[PDB]
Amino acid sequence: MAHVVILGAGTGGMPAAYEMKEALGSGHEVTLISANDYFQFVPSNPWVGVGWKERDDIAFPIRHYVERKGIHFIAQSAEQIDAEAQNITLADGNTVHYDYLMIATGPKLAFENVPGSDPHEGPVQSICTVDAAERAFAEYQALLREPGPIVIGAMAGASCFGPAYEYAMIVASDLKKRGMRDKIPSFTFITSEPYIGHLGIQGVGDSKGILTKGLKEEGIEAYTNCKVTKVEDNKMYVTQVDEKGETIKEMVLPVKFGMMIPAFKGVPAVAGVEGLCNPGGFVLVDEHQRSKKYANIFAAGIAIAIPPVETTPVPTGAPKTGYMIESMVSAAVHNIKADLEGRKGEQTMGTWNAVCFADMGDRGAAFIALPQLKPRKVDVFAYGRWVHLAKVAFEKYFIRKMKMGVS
């Protein structure tokens, strides 16, 4: 008999647990450990961040749902991982042994990369978590009562650009739907992208033209090839570069309300394991989702490392999105079950791809790109009411599955 532990109940983690339990059966122990006691649908966070959805709409208590499925659940953060002894030290000092480990910890939001940028230290906020986006909203209403400049975008080293655009548009939108838009001194978009709608994938479809035009229609000035050196005194210090990295200018932007997509790092407990991860803190796995340094550690999701295909003037990364994360999960599950049965698992993540959906209210934007390098086999960007319909349906679907189980 084996004890399988899945760390982190997020987009890859909640499913991995349901699946793992399915694949193994009453024969083995499955344990899901996560920092928070509830699950959250991430894609819905920008909407919380502007106040279109409540927390209670996009999150729920994990415990009951997984335990009714034979899965043990610990609402506790992993502080330490000993890959040698194969023990996990919890927040509360308790420890947990495993036979096989599956890491699904998602990202560390590397605020520290830009001093002052932490949502608790200043006006630059975050919509990556429900707590943070609830925070953003608060500050947004502070802006409402007392209008000042707005800065939205993505930090240097970011890899998740879509939600920035989405957030900019929906904020723009929401102001008008309050008429308060013309009360705004300036509305600025700042991004590490070498051009608008690069999205960390060298553009998909006509993302350059459509996003460029959108920001213009909304009276949002856009700068590219930017990094924020520091936030300070409610001011955003910004350096802009050329294709070689030399400086073409430096800005000081007053911020009254802002949101910048931070760079993702591996979380501490995972990055801390010696030999496990790259300098970013991302787990170095093989095509079977198995660590190259520990045979009984697998990884899926944002937590895993993926080599860069392009090097941009200001550091940027490629996003790791839903569909590909599911492939990662299921492969790892199969390869682990195979490990408790003699075989080596042959299953893989599949072809690299990115799929993203943004809802602006009545209609939405979406893209599909695969594989990672152009020319691609699929390169599509779409806008339309039907995208909105799909996001709503997919959110409803995914949340139900996370209560009923998967297989």
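Just count from 1 along the sequence shown to find any residue number.
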Taking the deposited Cα B-factors and averaging over 118-126 and over 136-144, the higher mean is found in 136-144
Per the PDB entry, mean CA B-factor is higher for 221-229 or 240-248, namely for 240-248
In this crystal structure's PDB entry, the residue among 205, 149, 153, 106 with the greatest CA B factor is 149
Entry record, C-alpha B-factors for 265, 235, 183, 292; the maximum is at 183
Tertile call for residue 93 (CA temperature factor, within chain, third-based) is the middle
Here the Cα B-factor of residue 13, set against its chain, lands in the third termed middle
Of the three thirds of Cα B-factor ranks in this chain, residue 166 occupies the lowest
The third of the chain into which the C-alpha temperature factor of residue 72 falls is the middle
Chain-relative C-alpha B factor for residue 174 (record values, thirds): the highest
